[PDB]
Amino acid sequence: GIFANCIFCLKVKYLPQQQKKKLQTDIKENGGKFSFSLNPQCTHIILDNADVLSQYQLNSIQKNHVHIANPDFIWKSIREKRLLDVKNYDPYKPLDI
């Protein structure tokens with residue numbers, strides 16, 4: 001599926017439970033894996049609007065080339081049946097991270 005070889009750290013604490021579940025099932029049903037912890041093996045980190053990242057986390061993300069994205073990256077990729085350009089879904093783009 002479109003998320004093959006993708007490992008998503010999910011930081012989506014403030015999403016409704018139904019949406020958290022749907023993000024997870026969208027990821028798993030389309031070849032991806034997810035974790036709630038950020039580690040070097042993560043390829044992506046999904047951040048809802050109300051979640052933020054520490055400087056420590058941002059440093060880890062830079063070092064390990066993790067893509068920061070919003071939930072829309074998942075929703076839209078699923079809708080379009082195609083892995084989209086993750087650079088257009090980066091909440092920390094304003095910081096150039």
# chains A, B, ... in the order shown; residues from 1 in each chain; ligands from 1
call {"tool": "select_by_dssp", "arguments": {"residues": "chain A", "states": "helix (DSSP H, G or I)", "output": "VMD selection string"}}
result
chain A and resid 17 to 29 55 to 63 71 to 80 86 to 89 93 to 95
call {"tool": "write_last_selection", "arguments": {"atoms": "N, CA, C and O atoms", "output": "short mmCIF file (atom, residue, chain, number, x, y, z; two decimals), in the first residue's frame"}}
result
data_model
loop_
_atom_site.label_atom_id
_atom_site.label_comp_id
_atom_site.auth_asym_id
_atom_site.auth_seq_id
_atom_site.Cartn_x
_atom_site.Cartn_y
_atom_site.Cartn_z
N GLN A 17 -11.46 10.51 19.68
CA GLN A 17 -10.99 9.14 19.72
C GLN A 17 -11.25 8.45 18.37
O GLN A 17 -10.42 7.69 17.89
N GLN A 18 -12.42 8.72 17.78
CA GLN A 18 -12.82 8.09 16.53
C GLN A 18 -11.83 8.43 15.41
O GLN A 18 -11.55 7.60 14.55
N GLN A 19 -11.30 9.66 15.42
CA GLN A 19 -10.35 10.11 14.41
C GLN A 19 -8.96 9.51 14.66
O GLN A 19 -8.28 9.14 13.71
N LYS A 20 -8.55 9.41 15.92
CA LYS A 20 -7.30 8.75 16.24
C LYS A 20 -7.31 7.32 15.71
O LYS A 20 -6.31 6.87 15.14
N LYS A 21 -8.41 6.60 15.96
CA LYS A 21 -8.56 5.21 15.54
C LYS A 21 -8.49 5.12 14.02
O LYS A 21 -7.83 4.24 13.47
N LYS A 22 -9.15 6.06 13.34
CA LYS A 22 -9.22 6.05 11.89
C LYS A 22 -7.86 6.34 11.27
O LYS A 22 -7.54 5.79 10.22
N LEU A 23 -7.08 7.24 11.89
CA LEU A 23 -5.73 7.52 11.44
C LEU A 23 -4.91 6.22 11.51
O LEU A 23 -4.22 5.87 10.57
N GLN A 24 -5.02 5.51 12.64
CA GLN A 24 -4.30 4.26 12.86
C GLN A 24 -4.71 3.20 11.83
O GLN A 24 -3.84 2.54 11.26
N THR A 25 -6.01 3.01 11.61
CA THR A 25 -6.46 1.97 10.70
C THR A 25 -6.13 2.35 9.25
O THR A 25 -5.80 1.48 8.46
N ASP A 26 -6.19 3.65 8.91
CA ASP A 26 -5.79 4.09 7.58
C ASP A 26 -4.32 3.77 7.34
O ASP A 26 -3.94 3.38 6.24
N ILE A 27 -3.48 3.97 8.37
CA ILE A 27 -2.06 3.70 8.26
C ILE A 27 -1.84 2.19 8.12
O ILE A 27 -1.17 1.75 7.19
N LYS A 28 -2.42 1.39 9.02
CA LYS A 28 -2.14 -0.04 9.03
C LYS A 28 -2.70 -0.73 7.79
O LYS A 28 -2.05 -1.62 7.25
N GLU A 29 -3.90 -0.33 7.35
CA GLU A 29 -4.55 -0.98 6.21
C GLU A 29 -3.82 -0.68 4.90
O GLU A 29 -4.08 -1.33 3.89
N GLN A 55 12.39 21.20 21.81
CA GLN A 55 13.62 21.38 21.06
C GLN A 55 14.35 20.04 20.98
O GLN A 55 14.96 19.74 19.96
N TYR A 56 14.27 19.24 22.05
CA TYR A 56 14.89 17.92 22.05
C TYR A 56 14.31 17.08 20.91
O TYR A 56 15.04 16.46 20.14
N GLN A 57 12.98 17.06 20.82
CA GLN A 57 12.31 16.28 19.80
C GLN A 57 12.66 16.80 18.40
O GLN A 57 12.90 16.01 17.50
N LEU A 58 12.66 18.13 18.25
CA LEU A 58 12.97 18.74 16.97
C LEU A 58 14.40 18.39 16.54
O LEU A 58 14.62 18.12 15.36
N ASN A 59 15.34 18.36 17.49
CA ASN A 59 16.72 17.96 17.23
C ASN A 59 16.78 16.51 16.76
O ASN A 59 17.51 16.20 15.81
N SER A 60 16.01 15.63 17.41
CA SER A 60 15.95 14.23 17.04
C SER A 60 15.41 14.09 15.62
O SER A 60 15.92 13.28 14.85
N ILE A 61 14.37 14.87 15.31
CA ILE A 61 13.70 14.84 14.02
C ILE A 61 14.67 15.25 12.91
O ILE A 61 14.68 14.63 11.85
N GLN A 62 15.44 16.32 13.15
CA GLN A 62 16.42 16.83 12.20
C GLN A 62 17.49 15.77 11.96
O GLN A 62 17.80 15.43 10.82
N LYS A 63 18.07 15.27 13.06
CA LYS A 63 19.13 14.28 13.03
C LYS A 63 18.71 13.02 12.26
O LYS A 63 19.53 12.43 11.56
N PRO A 71 -2.40 15.60 10.28
CA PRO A 71 -3.29 14.52 9.90
C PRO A 71 -3.77 14.54 8.45
O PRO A 71 -4.00 13.48 7.87
N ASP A 72 -3.88 15.73 7.87
CA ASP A 72 -4.37 15.89 6.51
C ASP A 72 -3.47 15.14 5.52
O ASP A 72 -3.95 14.71 4.48
N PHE A 73 -2.18 15.01 5.85
CA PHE A 73 -1.27 14.24 5.01
C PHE A 73 -1.81 12.81 4.83
O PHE A 73 -1.81 12.28 3.73
N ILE A 74 -2.25 12.19 5.93
CA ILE A 74 -2.83 10.86 5.89
C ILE A 74 -4.19 10.88 5.19
O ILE A 74 -4.40 10.11 4.26
N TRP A 75 -5.10 11.76 5.62
CA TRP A 75 -6.45 11.79 5.07
C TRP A 75 -6.42 11.99 3.55
O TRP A 75 -7.12 11.31 2.81
N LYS A 76 -5.62 12.96 3.10
CA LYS A 76 -5.57 13.35 1.70
C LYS A 76 -4.90 12.25 0.87
O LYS A 76 -5.36 11.94 -0.23
N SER A 77 -3.80 11.69 1.37
CA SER A 77 -3.10 10.62 0.65
C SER A 77 -4.06 9.43 0.43
O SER A 77 -4.13 8.85 -0.65
N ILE A 78 -4.81 9.08 1.48
CA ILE A 78 -5.80 8.02 1.40
C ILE A 78 -6.87 8.36 0.35
O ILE A 78 -7.23 7.50 -0.45
N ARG A 79 -7.37 9.59 0.39
CA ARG A 79 -8.42 10.03 -0.51
C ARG A 79 -7.94 9.99 -1.96
O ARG A 79 -8.68 9.57 -2.85
N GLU A 80 -6.69 10.42 -2.18
CA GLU A 80 -6.14 10.49 -3.53
C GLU A 80 -5.56 9.14 -3.96
O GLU A 80 -5.19 8.99 -5.12
N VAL A 86 4.83 15.27 1.28
CA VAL A 86 4.76 15.51 2.72
C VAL A 86 5.23 16.92 3.07
O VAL A 86 4.88 17.44 4.12
N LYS A 87 6.03 17.54 2.19
CA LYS A 87 6.54 18.89 2.41
C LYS A 87 5.42 19.93 2.40
O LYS A 87 5.63 21.03 2.90
N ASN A 88 4.26 19.62 1.80
CA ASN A 88 3.14 20.54 1.79
C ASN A 88 2.26 20.41 3.04
O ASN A 88 1.23 21.08 3.11
N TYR A 89 2.63 19.54 3.98
CA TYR A 89 1.78 19.27 5.15
C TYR A 89 2.55 19.46 6.46
O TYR A 89 2.21 18.84 7.47
N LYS A 93 6.87 24.08 9.12
CA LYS A 93 7.48 24.73 7.97
C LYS A 93 7.85 26.17 8.31
O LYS A 93 8.90 26.64 7.88
N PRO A 94 7.04 26.92 9.10
CA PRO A 94 7.38 28.29 9.48
C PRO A 94 8.71 28.44 10.23
O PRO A 94 9.28 29.53 10.26
N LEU A 95 9.18 27.35 10.85
CA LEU A 95 10.46 27.33 11.55
C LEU A 95 11.56 26.73 10.67
O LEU A 95 12.72 26.73 11.07
#
call {"tool": "closest_atom_pairs", "arguments": {"of": "region 66-93 of chain A", "to": "region 37-42 of chain A", "cutoff": "12 Å", "atoms": "only C-alpha atoms", "output": "CSV"}}
result
residue,atom,partner,partner_atom,distance
A:66,CA,A:42,CA,6.4
A:67,CA,A:42,CA,8.7
A:68,CA,A:42,CA,10.4
call {"tool": "atom_distance", "arguments": {"atom1": "CA of residue 10 (chain A)", "atom2": "CA of residue 70 (chain A)"}}
result
9.8 Å
call {"tool": "residues_around", "arguments": {"residues": "residue 2 (chain A)", "least_positions_apart": "5", "cutoff": "7 Å", "atoms": "only C-alpha atoms", "output": "compact mmCIF listing (two decimals) with N, CA, C and O atoms, in the first residue's frame"}}
result
# COMPACT_ATOMS: atom_id res chain seq x y z
N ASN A 30 -2.94 0.33 4.90
CA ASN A 30 -2.26 0.75 3.69
C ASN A 30 -0.74 0.59 3.82
O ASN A 30 0.01 1.34 3.21
N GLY A 31 -0.31 -0.40 4.62
CA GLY A 31 1.05 -0.91 4.59
C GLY A 31 1.99 -0.21 5.58
O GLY A 31 3.17 -0.54 5.63
N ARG A 82 -2.79 7.85 -3.17
CA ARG A 82 -1.43 8.15 -3.59
C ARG A 82 -0.72 8.89 -2.47
O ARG A 82 -1.27 9.82 -1.88
N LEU A 83 0.50 8.45 -2.15
CA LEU A 83 1.33 9.13 -1.16
C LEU A 83 1.64 10.52 -1.70
O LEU A 83 2.20 10.64 -2.79
call {"tool": "select_by_dssp", "arguments": {"residues": "chain A", "states": "strand (DSSP E)", "output": "MDAnalysis selection string"}}
result
chainID A and resid 7:11 33:35 44:47 67:69
call {"tool": "write_last_selection", "arguments": {"atoms": "N, CA, C and O atoms", "output": "short mmCIF file (atom, residue, chain, number, x, y, z; two decimals), in the first residue's frame"}}
result
data_model
loop_
_atom_site.label_atom_id
_atom_site.label_comp_id
_atom_site.auth_asym_id
_atom_site.auth_seq_id
_atom_site.Cartn_x
_atom_site.Cartn_y
_atom_site.Cartn_z
N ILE A 7 6.92 4.58 8.94
CA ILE A 7 6.71 4.39 10.36
C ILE A 7 6.34 5.76 10.93
O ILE A 7 7.15 6.68 10.92
N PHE A 8 5.09 5.89 11.37
CA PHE A 8 4.55 7.15 11.84
C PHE A 8 4.57 7.20 13.37
O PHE A 8 3.94 6.35 14.00
N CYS A 9 5.26 8.18 13.94
CA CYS A 9 5.01 8.58 15.32
C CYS A 9 3.74 9.45 15.35
O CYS A 9 3.66 10.45 14.64
N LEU A 10 2.74 9.04 16.13
CA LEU A 10 1.49 9.78 16.24
C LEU A 10 1.45 10.60 17.53
O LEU A 10 1.43 10.05 18.64
N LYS A 11 1.46 11.92 17.36
CA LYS A 11 1.23 12.86 18.45
C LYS A 11 -0.06 13.60 18.17
O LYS A 11 -0.03 14.75 17.74
N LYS A 33 3.24 1.44 9.53
CA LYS A 33 3.26 1.13 10.95
C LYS A 33 3.20 2.44 11.73
O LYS A 33 3.46 3.52 11.18
N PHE A 34 2.80 2.36 13.00
CA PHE A 34 2.74 3.57 13.81
C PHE A 34 3.20 3.24 15.22
O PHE A 34 3.16 2.09 15.65
N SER A 35 3.63 4.30 15.91
CA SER A 35 4.06 4.26 17.29
C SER A 35 3.61 5.56 17.95
O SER A 35 3.36 6.54 17.26
N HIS A 44 8.10 9.44 9.81
CA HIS A 44 7.17 10.56 9.86
C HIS A 44 6.74 10.77 11.31
O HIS A 44 6.73 9.82 12.10
N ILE A 45 6.38 12.01 11.63
CA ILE A 45 5.67 12.30 12.87
C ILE A 45 4.46 13.14 12.50
O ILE A 45 4.58 14.17 11.84
N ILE A 46 3.29 12.67 12.97
CA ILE A 46 2.01 13.30 12.70
C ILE A 46 1.61 14.07 13.95
O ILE A 46 1.49 13.48 15.03
N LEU A 47 1.35 15.36 13.76
CA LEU A 47 1.10 16.29 14.85
C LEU A 47 -0.22 17.01 14.62
O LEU A 47 -0.34 17.78 13.67
N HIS A 67 10.03 13.28 8.75
CA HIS A 67 9.10 14.22 8.14
C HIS A 67 7.99 14.60 9.12
O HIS A 67 7.27 13.73 9.61
N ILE A 68 7.86 15.90 9.42
CA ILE A 68 6.77 16.39 10.27
C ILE A 68 5.57 16.70 9.38
O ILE A 68 5.71 17.42 8.40
N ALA A 69 4.40 16.13 9.73
CA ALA A 69 3.19 16.32 8.95
C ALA A 69 1.97 16.46 9.87
O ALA A 69 2.04 16.15 11.05
#
call {"tool": "residues_around", "arguments": {"residues": "residue 49 (chain A)", "least_positions_apart": "6", "cutoff": "9 Å", "atoms": "only C-alpha atoms", "output": "number ranges by chain"}}
result
A: 12, 14-15, 70, 91
call {"tool": "closest_residue", "arguments": {"among": "A:16, A:85, A:97, A:5", "to": "residue 48 (chain A)", "atoms": "only C-alpha atoms"}}
result
A:16
